[PDB]
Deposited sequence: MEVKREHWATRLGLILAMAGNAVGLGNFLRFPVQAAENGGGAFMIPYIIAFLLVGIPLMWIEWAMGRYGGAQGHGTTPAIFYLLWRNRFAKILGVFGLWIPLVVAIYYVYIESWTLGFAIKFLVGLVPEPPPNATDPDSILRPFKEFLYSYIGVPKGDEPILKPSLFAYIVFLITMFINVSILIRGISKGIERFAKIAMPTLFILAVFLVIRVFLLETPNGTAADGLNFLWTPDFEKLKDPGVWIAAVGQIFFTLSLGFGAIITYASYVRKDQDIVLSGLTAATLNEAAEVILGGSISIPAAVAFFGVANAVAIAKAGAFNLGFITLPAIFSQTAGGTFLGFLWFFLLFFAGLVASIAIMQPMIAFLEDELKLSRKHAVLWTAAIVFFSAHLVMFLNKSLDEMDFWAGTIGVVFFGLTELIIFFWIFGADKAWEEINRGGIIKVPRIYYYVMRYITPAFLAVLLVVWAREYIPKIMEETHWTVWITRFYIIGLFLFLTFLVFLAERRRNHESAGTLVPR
């Protein structure tokens, strides 16, 4: 049973577990939509009150579980709280990261293919003042890549290039994963993370060199870090912030769990945990935030940039930014560094979220790692044809898995641990082996404040928001829902087969 070779590599694998497209694509959008410093106050408080305490919880659960030879939730949950219903609530730990992995690798597939075309100079050349005559070639460029419908039909038809780049991205994930935890993953994490922070810093610097009549890049800064204290009363903001906090730290993914289960029993989660997190927060609020937004706020001024991120998630990353760059000396290459940064950022993140499914096939169904990975790739590859060819199918999985399910699972796994399993046994399992220890106040966050946050939020969500989604939507949503439900069923059948194999051989041995 594998463990992390070196401590730094651990932290670097854990920081790359958190760090990814969320730092770069996602964060700028959620902050732009939610109005800068109006988003940050919630984001920070959520970080302390939710992200922080939740990460230690997931850490401990992973380590505690790995000690018993179990990396995933369906197993671990049985241990903390003994039930057939503990296993069932644990199937969300396989399900969330799987469904997320489905559309996530595909979006990272985009970054790779763009970086490729952007290097070789296959990008479009805009006409030598007007923003729309500028952004359009790139809008068309992305739309041509992912095959956005020209018709009414909710039907995507990606390019032969995008398709093959996905197969490649899939291969590259396999190649990292098939070498295991220390050899495959921990190596790459040591390479990638510095390789990442360097590319980011360079871009941050190079982006600060932008000025137009419309603004400096220091305009975007003071938009992001200067509060609106009135929006403190707006629930949608608080809902947006925690959605970022979860997604950013890979909370509720059953990710931190699986990785941490390869931590040796004695090893400190209480420092390495905090470190890899504070690394991500750097890659988010410091690096990630200081690139995409300030560039647009510089070119188009604030209000227009804010209007671009509302117009789509991929507007800023895949369209606006490379467009801005093309107005500068060697901007096509500076674009390649953008998408190259993204690929490497998503590659550390994607190998993390495909692991839980792999660790399961290993720890439970007793599959060779080679086999665990191939099938995990096969399932993800196949299932994603839905995301690729069906319009807005991507939106659906993001909502159920990486939006709702993550919060549902976070509160769930906090309850199972800090309540059912009991407070102090958990409080011990955390600080145990710790190089340093969790502040006494954080005991009382984990027990009360944290779940009080998630429960109340999950209310203000369900009551004041959700039904419109479940109602107003086009009927193609039921195709994704159908499938990803049959994924839960499929997974539950494996949890079933696992406990059956357990019952049979344990009676013979």
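According to the record, no C-alpha positions are given for deposited positions 1 to 4, 133 to 134, 516 to 519, numbered from 1.
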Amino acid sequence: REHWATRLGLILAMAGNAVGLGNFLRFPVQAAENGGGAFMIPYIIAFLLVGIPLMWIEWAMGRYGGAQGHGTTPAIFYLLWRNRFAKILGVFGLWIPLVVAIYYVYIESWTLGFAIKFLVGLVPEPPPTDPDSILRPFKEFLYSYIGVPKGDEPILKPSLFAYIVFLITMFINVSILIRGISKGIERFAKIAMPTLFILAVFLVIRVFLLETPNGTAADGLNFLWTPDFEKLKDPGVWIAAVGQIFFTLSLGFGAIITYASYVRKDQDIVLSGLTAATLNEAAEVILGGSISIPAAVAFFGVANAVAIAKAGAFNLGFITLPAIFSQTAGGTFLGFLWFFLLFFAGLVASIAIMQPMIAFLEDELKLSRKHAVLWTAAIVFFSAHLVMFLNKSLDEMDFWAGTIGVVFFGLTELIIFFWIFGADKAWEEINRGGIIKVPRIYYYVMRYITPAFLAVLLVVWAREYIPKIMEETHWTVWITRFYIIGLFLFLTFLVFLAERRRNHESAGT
From here on, numbers count along this sequence of modelled residues.
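When 52 to 60 is weighed against 465 to 473, 465 to 473 comes out higher, by mean CA B-factor as recorded in the entry. As listed in the deposited structure, the average C-alpha B-factor of 136 to 144 and of 226 to 234 is greater for 226 to 234. Of all the options 121, 93, 317, 215, the entry's greatest CA B-factor is assigned to 215. Between the residues 176, 438, 107, 379, the entry's highest C-alpha temperature factor is the one at 438. For residue 447, the recorded CA B-factor ranks within the highest third of the chain. Only modelled residues enter the ranking. Residue 350: CA B factor in the lowest third of modelled residues in this chain (values from the PDB entry). Sort the chain's modelled residues by C-alpha temperature factor and residue 71 lands in the middle third, per the entry. Looking at the C-alpha B-factors along this chain, the one for residue 161 belongs to the lowest third.
Residue 129: CA B factor lies in the highest third for its chain, per the PDB record.
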